[PDB]
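**Q** Would you mind keeping the following structure in view while I ask a few things?
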Number of protein chains: 2
Amino acid sequence: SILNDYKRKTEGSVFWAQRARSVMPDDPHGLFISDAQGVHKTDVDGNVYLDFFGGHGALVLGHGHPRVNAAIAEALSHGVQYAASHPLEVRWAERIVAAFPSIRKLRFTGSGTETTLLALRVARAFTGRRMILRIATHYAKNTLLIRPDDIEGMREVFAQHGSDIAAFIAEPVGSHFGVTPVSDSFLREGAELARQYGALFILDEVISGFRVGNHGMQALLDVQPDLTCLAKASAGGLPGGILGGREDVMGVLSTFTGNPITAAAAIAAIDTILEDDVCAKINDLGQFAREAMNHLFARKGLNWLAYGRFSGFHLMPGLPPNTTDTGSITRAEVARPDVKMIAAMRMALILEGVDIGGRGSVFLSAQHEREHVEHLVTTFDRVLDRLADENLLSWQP
Amino acid sequence: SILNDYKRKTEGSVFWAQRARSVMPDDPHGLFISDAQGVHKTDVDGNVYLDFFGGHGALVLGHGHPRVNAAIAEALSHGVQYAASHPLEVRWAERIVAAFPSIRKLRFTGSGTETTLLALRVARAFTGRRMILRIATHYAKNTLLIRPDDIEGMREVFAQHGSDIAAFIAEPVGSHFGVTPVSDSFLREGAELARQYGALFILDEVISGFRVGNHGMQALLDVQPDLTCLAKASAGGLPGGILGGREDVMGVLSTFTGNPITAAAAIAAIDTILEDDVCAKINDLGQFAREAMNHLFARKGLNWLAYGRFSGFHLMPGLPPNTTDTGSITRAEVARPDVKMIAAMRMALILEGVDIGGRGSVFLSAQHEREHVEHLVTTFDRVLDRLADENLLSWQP
C-alpha cells in the first residue's frame with residue numbers, strides 16, 4: 001500500500017515523530033528535513049525531494065539563494081542581532097517605500113502576525129471606531145464577518161454598522177494565496193465602501209508582496225490601501241514584518257526594535273527579484289503549471305481542477321479541469337475532498353520524490369524551471385494511478 | 001551642553017537618522033549600531049559602548065556567545081530555514097518540557113506576540129468563555145482590566161464576571177520585567193481565583209524564562225499555570241516563541257511551521273545557561289548593582305531609587321535610595337520624571353561610553369562582571385553631576 005511504502009521510506013521520520021509526540025499535541029507522520037538547497041530538500045533518511053512548498057511562500061528565490069546567503073553571512077559577521085537603529089534597516093525601508101506607492105512611512109514588526117494586529121490597533125486609533133470587518137474563511141465582539149465575493153452582504157454590513165467600522169482588512173487572491181478565491185472586484189468595492197463610510201482599508205500583502213509583481217498586488221488592483229501588511233518575501237524570507245501606509249495614518253505611531261540580519265536578507269532578495277525579473281518569470285511558470293495539470297486531468301479522464309493565480313496553484317478534486325468559474329469554491333459548494341484520499345496523495349508524491357503543501361497547494365520559486373513542472377506532471381500521473389489502485393478516487397463531478 | 005556634545009559624538013547616527021525620518025514616522029536621534037560582541041557594541045561612528053540593554057532581555061548570554069554562534073553556524077550550513085518537522089526543534093522542545101514542570105506539551109510560534117495571542121484563543125476554546133482578565137499598565141470588549149496588587153478589585157471583578165472569564169494572564173515581576181512592580185502574592189491569589197471560577201491562569205514568562213532561574217518564575221512562585229508563554233532567552237535569543245502548558249488544555253490544538261536555526265541557538269543557550277550556573281550569577285550581579293546604585297545616590301545626597309529584582313534594575317527619580325516598599329510605583333503615585341532630564345541622562349551616559357534602556361532600565365548578562373557594574377556606578381556619578389550642571393535635577397523627594 002501507499003501507507004506501508006511511505007512508512008518504509010521514512011523510518012527516520014517515524015523515529016523522530018515518536019519523540020515529537022511526547023512533547024507536542026497530537027494522521028500519518030510528517031517529514032523530518034535535514035538539508036535544503038535550490039528547489040530540493042533532504043529528509044533524515046537521506047531521501048531527496050523536489051520541493052514545491054518549502055517556506056509557505058517566504059522563499060520566492062528558493063532555498064539558500066547565493067546572493068541572499070552572502071548578505072546574511074556578512075551581516076552575521078558584525079554580531080548585531082537586534083537594533084532599533086541600523087543602516088541596513090533604513091536601506092530595507094527605502095526599498096519598501098520605493099516599491100509600494102501607498103507606503104509613505106513604515107514600521108518594522110517581529111512577525112506577520114504582529115503586523116496585522118498592529119494594523120488593526122492603528123486603524124482603531126486613527127478612526128476612534130471599534131469594529132473591524134474581515135472576510136470569512138470557514139462557514140471578537142468588534143469583529144464583523146462577510147463571505148468572499150458577497151457584495152450585497154458587505155453593503156448591508158456597512159449600512160447597518162459602517163460608522164463604527166474602523167477598517168476593512170482583506171488578503172488579495174484569497175485565503176492562503178487563493179485556496180478560497182476572492183475576486184479583485186470584491187476588494188475594489190470593499191475599498192470604496194470603506195472610504196465612503198470613513199473606514200480604513202488594510203491590504204494584507206504578506207504573501208503577495210514581492211511575489212505577484214514589483215509593486216504589490218495593490219498596483220494590480222489599482223487600489224491605494226491606507227495600510228499594507230508585509231512579511232515573508234518582503235523580509236528576504238527571514239523572520240519579521242512591516243506595517244506601511246499613509247503618512248497621516250502612520251502618524252498615530254508617533255517591544256520589538258529591529259533585525260539587521262533580516263534587513264540584509266531583504267535587501268539582497270528584493271534587489272535580486274527586481275534585477276532578475278523574477279515575478280514575471282514565476283507568474284509565467286504558474287500559468288504553465290496550471291495549464292499542464294489541467295491537461296493531465298483531462299487526459300486521464302478525471303474531474304479534478306488545478307486553480308489559482310500568479311506563482312501558485314491549488315487542487316480541487318470534483319470539478320472538471322475545463323472549469324473557468326471558481327465561484328463554487330468561493331461559495332463552499334464543492335464537496336470536501338476525502339481526507340484519506342488527500343493524505344494518500346501527499347504520501348504517494350513523497351514516494352515519487354516530490355513534496356507539495358496542505359491539501360494540494362504549490363508555490364513556485366525563481367529557481368524552478370519548466371522542466372521541474374513537467375516532472376511534477378509526470379509524478380502526478382503516477383500518483384493518480386496509485387490512488388485509483390486503492391479505490392480512493394471518485395469520478396462523479 | 002550634553003545635547004551638543006552628544007550630536008558631535010554621533011554625527012554618523014545623525015546622518016542615518018535623517019534617512020530614517022524620510023521613511024518612518026517621527027526627541028534626540030537614536031544610536032545607529034554597526035557591531036556588537038560580548039558586552040560591548042560599536043556605533044556607526046566607531047564609538048564603543050558598554051551595553052546594559054541590547055536585546056531587551058533576549059541576550060542572557062551576551063552578544064554572540066561562542067557556543068550559541070557555533071550552533072547557529074552549523075545549522076545554517078544545512079540550509080533549512082523553516083520546517084514543521086526537524087530534529088533540532090524536537091530537542092529544543094525536550095529542554096522546555098524538562099525545565100518547566102507545568103509544560104507537558106508545547107507548540108512553537110513565530111514570536112512572543114503570537115504566543116500570548118495563541119494563549120488567549122486556546123483559553124477561550126478550552127473554557128468556552130469570552131472574557132480575558134489582564135493587569136493594567138497605564139492608568140477590547142471582552143477585556144477586563146485590574147490594577148497591579150489590587151486584590152480587592154480582582155475579587156470584585158471575579159464576583160461580577162468570573163463565570164465568563166476564560167483566563168487571567170499576567171507577566172511576573174511586573175510590566176517590562178518590573179518597571180511597574182507586581183507582587184508574587186497578587187499573582188498567586190489571581191491564580192487561585194482563576195481556578196475557583198473555572199478560568200485558566202496564563203503566565204507570561206517571555207522575559208523571566210531562562211533568566212530568573214532554571215525552572216521559570218513559576219517554580220519560584222509555587223504556581224502551576226495552565227499555559228506558559230516563552231520566547232527570547234528560551235529561544236536562544238533568536239526570533240520565535242513557545243506556548244506550553246497542561247496536556248488537556250494544549251489538546252485543543254489537536255501558518256508558522258518551525259525554525260531549526262532558532263532551535264539550534266536555543267539548545268546551545270539553554271545548555272550553557274544550565275551548565276554555567278548563569279541564572280544564579282546574574283541574579284547575584286543584579287542584587288549587587290541595585291545596592292551599589294542606591295549607595296551612590298545616598299553618597300551624592302540624591303533622592304533617586306534603583307529598584308527591581310533578579311538580573312534587572314530600574315530607576316525612579318524622586319524616591320529616596322533607602323526605600324524598601326515600591327508600592328508608590330505600583331500605585332502610580334510617584335511623579336513622572338522630567339522627560340528632558342531622562343533624555344539628557346541617556347545622552348550623557350552615551351558620552352561616557354555606556355548605554356542603558358528606556359527611562360533608566362538595565363539587563364545583566366552572563367558576560368557582565370562586577371567590574372562592569374562598578375564602571376556603570378562611576379559613570380552614573382559623572383552623569384548625575386552633568387544633570388545638575390544643567391539644572392535638570394530636583395531634590396524634593
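We label chains A, B, ... in the order they appear in the C-alpha cells, count residues from 1 in each chain, and number ligands from 1 in the order shown.
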For the contact check between chain B and chain A, emit one row per residue of chain B within 6 Å, containing the shortest atom pair and the distance in Å rounded to one decimal, counting only C-alpha atoms, chain then rising number order, as JSON lines.
**A**
```
{"residue": "B:20", "atom": "CA", "partner": "A:90", "partner_atom": "CA", "distance": 5.6}
{"residue": "B:23", "atom": "CA", "partner": "A:105", "partner_atom": "CA", "distance": 4.7}
{"residue": "B:24", "atom": "CA", "partner": "A:105", "partner_atom": "CA", "distance": 4.6}
{"residue": "B:25", "atom": "CA", "partner": "A:254", "partner_atom": "CA", "distance": 5.8}
{"residue": "B:26", "atom": "CA", "partner": "A:254", "partner_atom": "CA", "distance": 5.5}
{"residue": "B:32", "atom": "CA", "partner": "A:85", "partner_atom": "CA", "distance": 4.6}
{"residue": "B:33", "atom": "CA", "partner": "A:86", "partner_atom": "CA", "distance": 5.6}
{"residue": "B:35", "atom": "CA", "partner": "A:78", "partner_atom": "CA", "distance": 4.9}
{"residue": "B:36", "atom": "CA", "partner": "A:79", "partner_atom": "CA", "distance": 5.0}
{"residue": "B:78", "atom": "CA", "partner": "A:35", "partner_atom": "CA", "distance": 4.9}
{"residue": "B:79", "atom": "CA", "partner": "A:36", "partner_atom": "CA", "distance": 5.0}
{"residue": "B:80", "atom": "CA", "partner": "A:36", "partner_atom": "CA", "distance": 5.4}
{"residue": "B:85", "atom": "CA", "partner": "A:32", "partner_atom": "CA", "distance": 4.6}
{"residue": "B:86", "atom": "CA", "partner": "A:32", "partner_atom": "CA", "distance": 4.9}
{"residue": "B:90", "atom": "CA", "partner": "A:20", "partner_atom": "CA", "distance": 5.6}
{"residue": "B:105", "atom": "CA", "partner": "A:24", "partner_atom": "CA", "distance": 4.6}
{"residue": "B:106", "atom": "CA", "partner": "A:24", "partner_atom": "CA", "distance": 5.0}
{"residue": "B:251", "atom": "CA", "partner": "A:25", "partner_atom": "CA", "distance": 5.9}
{"residue": "B:254", "atom": "CA", "partner": "A:26", "partner_atom": "CA", "distance": 5.5}
```
**Q** Quick one: residues within 8 Å of residue 337 in chain A, only C-alpha atoms counted, chain neighbours fewer than 4 positions away excluded, as a list in words?
**A**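 Counting only C-alpha atoms, the residues come to residues 316, 317, 318, 341 and 342 of chain A.
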**Q** Write down as an NGL selection string the residues belonging to range 202-281 of chain B that are assigned helix (DSSP H, G or I) by DSSP computed on the backbone.
**A** :B and (216-221 or 232-235 or 247-253 or 260-275 or 278-281)
**Q** For the selection just defined, write its residues with N, CA, C and O atoms to a file, as a CSV table (one decimal), in the first residue's frame.
**A**
```
chain,number,residue,atom,x,y,z
B,216,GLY,N,11.9,28.5,35.5
B,216,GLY,CA,11.0,29.6,35.3
B,216,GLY,C,10.6,30.4,36.6
B,216,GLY,O,11.0,29.9,37.7
B,217,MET,N,10.0,31.5,36.4
B,217,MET,CA,9.4,32.2,37.6
B,217,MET,C,8.3,31.3,38.3
B,217,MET,O,8.1,31.4,39.5
B,218,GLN,N,7.6,30.5,37.5
B,218,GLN,CA,6.5,29.7,38.1
B,218,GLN,C,7.0,28.8,39.2
B,218,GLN,O,6.3,28.5,40.2
B,219,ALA,N,8.3,28.2,39.1
B,219,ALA,CA,8.8,27.5,40.2
B,219,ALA,C,9.1,28.3,41.4
B,219,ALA,O,8.9,27.9,42.5
B,220,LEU,N,9.5,29.6,41.2
B,220,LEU,CA,9.7,30.5,42.3
B,220,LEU,C,8.4,30.9,42.9
B,220,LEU,O,8.3,31.3,44.1
B,221,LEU,N,7.3,30.9,42.2
B,221,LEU,CA,6.0,31.4,42.7
B,221,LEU,C,5.2,30.2,43.3
B,221,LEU,O,4.2,30.5,44.0
B,232,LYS,N,12.5,34.8,23.5
B,232,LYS,CA,13.7,35.5,24.0
B,232,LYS,C,14.7,34.5,24.4
B,232,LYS,O,15.2,33.7,23.6
B,233,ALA,N,15.1,34.4,25.7
B,233,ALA,CA,16.2,33.5,26.1
B,233,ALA,C,15.8,32.1,25.9
B,233,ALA,O,16.7,31.3,25.6
B,234,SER,N,14.5,31.7,26.1
B,234,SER,CA,14.1,30.4,25.8
B,234,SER,C,14.1,30.0,24.4
B,234,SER,O,14.0,28.8,24.0
B,235,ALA,N,14.3,31.0,23.5
B,235,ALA,CA,14.6,30.7,22.0
B,235,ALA,C,16.0,31.1,21.6
B,235,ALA,O,16.3,31.4,20.5
B,247,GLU,N,-1.6,19.2,29.5
B,247,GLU,CA,-1.9,18.3,28.3
B,247,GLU,C,-3.3,18.5,27.9
B,247,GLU,O,-3.6,18.7,26.7
B,248,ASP,N,-4.3,18.6,28.8
B,248,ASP,CA,-5.7,18.7,28.5
B,248,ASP,C,-5.9,20.1,27.8
B,248,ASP,O,-6.7,20.1,26.8
B,249,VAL,N,-5.3,21.2,28.2
B,249,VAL,CA,-5.6,22.5,27.6
B,249,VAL,C,-4.9,22.5,26.3
B,249,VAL,O,-5.5,23.1,25.3
B,250,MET,N,-3.6,22.0,26.2
B,250,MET,CA,-3.0,22.1,24.9
B,250,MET,C,-3.7,21.2,23.8
B,250,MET,O,-3.4,21.3,22.6
B,251,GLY,N,-4.5,20.2,24.3
B,251,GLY,CA,-5.2,19.3,23.4
B,251,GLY,C,-6.1,20.0,22.4
B,251,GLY,O,-6.4,19.5,21.4
B,252,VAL,N,-6.6,21.2,22.8
B,252,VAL,CA,-7.4,21.9,21.8
B,252,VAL,C,-6.7,22.4,20.6
B,252,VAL,O,-7.3,22.8,19.6
B,253,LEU,N,-5.3,22.2,20.6
B,253,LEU,CA,-4.6,22.4,19.4
B,253,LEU,C,-4.5,21.2,18.5
B,253,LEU,O,-4.1,21.3,17.3
B,260,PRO,N,14.5,25.8,12.5
B,260,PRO,CA,15.6,25.0,13.0
B,260,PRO,C,16.8,25.8,13.4
B,260,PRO,O,17.6,25.4,14.2
B,261,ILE,N,17.0,27.0,12.8
B,261,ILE,CA,18.1,27.9,13.2
B,261,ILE,C,17.9,28.4,14.6
B,261,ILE,O,18.8,28.4,15.5
B,262,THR,N,16.7,29.0,14.9
B,262,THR,CA,16.3,29.3,16.3
B,262,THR,C,16.5,28.1,17.2
B,262,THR,O,17.0,28.2,18.3
B,263,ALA,N,16.0,26.9,16.8
B,263,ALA,CA,16.2,25.7,17.7
B,263,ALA,C,17.6,25.4,18.0
B,263,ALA,O,17.9,25.1,19.2
B,264,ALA,N,18.5,25.6,17.0
B,264,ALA,CA,19.9,25.4,17.3
B,264,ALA,C,20.5,26.3,18.3
B,264,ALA,O,21.2,26.0,19.2
B,265,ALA,N,20.1,27.6,18.2
B,265,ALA,CA,20.5,28.6,19.2
B,265,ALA,C,19.9,28.3,20.5
B,265,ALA,O,20.6,28.5,21.5
B,266,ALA,N,18.7,27.9,20.6
B,266,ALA,CA,18.0,27.7,21.9
B,266,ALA,C,18.7,26.5,22.6
B,266,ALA,O,18.9,26.6,23.8
B,267,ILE,N,19.0,25.4,21.9
B,267,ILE,CA,19.6,24.3,22.5
B,267,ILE,C,21.0,24.7,23.1
B,267,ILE,O,21.3,24.3,24.3
B,268,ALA,N,21.8,25.4,22.4
B,268,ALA,CA,23.1,25.8,22.9
B,268,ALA,C,23.0,26.8,24.0
B,268,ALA,O,23.7,26.7,25.0
B,269,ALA,N,22.0,27.8,23.9
B,269,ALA,CA,21.9,28.7,25.0
B,269,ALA,C,21.4,28.1,26.3
B,269,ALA,O,21.9,28.3,27.4
B,270,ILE,N,20.4,27.2,26.2
B,270,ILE,CA,19.8,26.6,27.4
B,270,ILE,C,20.9,25.7,28.0
B,270,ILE,O,21.1,25.8,29.2
B,271,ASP,N,21.6,24.9,27.2
B,271,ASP,CA,22.6,24.1,27.8
B,271,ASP,C,23.7,24.9,28.5
B,271,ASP,O,24.2,24.5,29.6
B,272,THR,N,24.1,26.0,27.9
B,272,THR,CA,25.1,26.9,28.5
B,272,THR,C,24.6,27.5,29.8
B,272,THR,O,25.3,27.6,30.8
B,273,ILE,N,23.4,28.0,29.8
B,273,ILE,CA,22.8,28.6,31.0
B,273,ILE,C,22.7,27.6,32.1
B,273,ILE,O,23.1,27.9,33.3
B,274,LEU,N,22.3,26.4,31.8
B,274,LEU,CA,22.3,25.3,32.8
B,274,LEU,C,23.7,25.0,33.3
B,274,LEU,O,24.0,25.0,34.5
B,275,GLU,N,24.6,24.7,32.4
B,275,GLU,CA,25.9,24.2,32.8
B,275,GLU,C,26.7,25.2,33.5
B,275,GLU,O,27.5,24.9,34.4
B,278,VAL,N,24.2,30.2,35.1
B,278,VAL,CA,24.1,31.6,34.7
B,278,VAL,C,23.1,32.3,35.5
B,278,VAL,O,23.3,33.5,35.9
B,279,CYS,N,21.9,31.7,35.7
B,279,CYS,CA,20.8,32.5,36.4
B,279,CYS,C,21.2,32.9,37.8
B,279,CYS,O,21.0,34.1,38.2
B,280,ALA,N,21.9,32.0,38.5
B,280,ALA,CA,22.4,32.4,39.9
B,280,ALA,C,23.4,33.5,39.8
B,280,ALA,O,23.3,34.5,40.6
B,281,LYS,N,24.3,33.5,38.8
B,281,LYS,CA,25.3,34.5,38.7
B,281,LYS,C,24.8,35.9,38.3
B,281,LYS,O,25.2,36.9,38.8
```
**Q** Determine, counting only C-alpha atoms, which protein, DNA and RNA residues have an atom within 8 Å of an atom of residue 243 in chain A; residues of the same chain fewer than 5 positions away are not included. Present the result as a PyMOL selection string.
**A** chain A and resi 106-109+115-116+118-119+227-230
**Q** Using the selection just defined, write its residues with C-alpha atoms as a PDB file, in the first residue's frame.
**A**
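The resulting file, selection39.pdb, is reproduced below:
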```
ATOM      1  CA  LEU A 106       6.550  52.241   7.683  1.00  0.00           C
ATOM      2  CA  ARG A 107       7.265  50.474  10.972  1.00  0.00           C
ATOM      3  CA  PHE A 108       9.084  47.156  11.295  1.00  0.00           C
ATOM      4  CA  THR A 109       7.477  44.375  13.356  1.00  0.00           C
ATOM      5  CA  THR A 115       1.779  43.328  11.576  1.00  0.00           C
ATOM      6  CA  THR A 116      -1.905  42.606  11.036  1.00  0.00           C
ATOM      7  CA  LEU A 118      -0.723  46.407  14.750  1.00  0.00           C
ATOM      8  CA  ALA A 119      -2.669  47.427  11.639  1.00  0.00           C
ATOM      9  CA  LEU A 227      -2.256  50.392   5.429  1.00  0.00           C
ATOM     10  CA  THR A 228      -0.343  47.493   3.862  1.00  0.00           C
ATOM     11  CA  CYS A 229       0.915  44.420   5.758  1.00  0.00           C
ATOM     12  CA  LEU A 230       4.143  42.767   4.528  1.00  0.00           C
TER      13      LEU A 230
END
```
**Q** Between CA of residue 189 in chain B and CA of residue 153 in chain B, what is the spacing in Å?
**A**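 So the two atoms, CA of residue 153 in chain B and CA of residue 189 in chain B, lie 12.1 Å apart.
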**Q** Write out as number ranges by chain all residues of range 75-257 of chain A that DSSP puts in strand (DSSP E) for this structure's backbone.
**A** A: 105-109, 131-135, 143-146, 165-170, 174, 180-181, 200-204, 227-231, 241-245
**Q** Identify which of the residues B:57, B:209, B:308, B:148 lies closest to residue 187 in chain B, counting only C-alpha atoms when measuring atom-to-atom distances.
**A**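 The closest residue to residue 187 in chain B is B:148.
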**Q** With distances taken over only C-alpha atoms, which residue among A:373, A:122, A:384, A:349 lies nearest residue 301 in chain A?
**A**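 Ranking A:373, A:122, A:384, A:349 by distance to residue 301 in chain A, first place goes to A:384.
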**Q** Give me the residues near residue 5 in chain A as number ranges by chain, where near means some atom within 9 Å (using only C-alpha atoms) and where sequence neighbours in that chain fewer than 6 positions away do not count.
**A** A: 347-348, 351
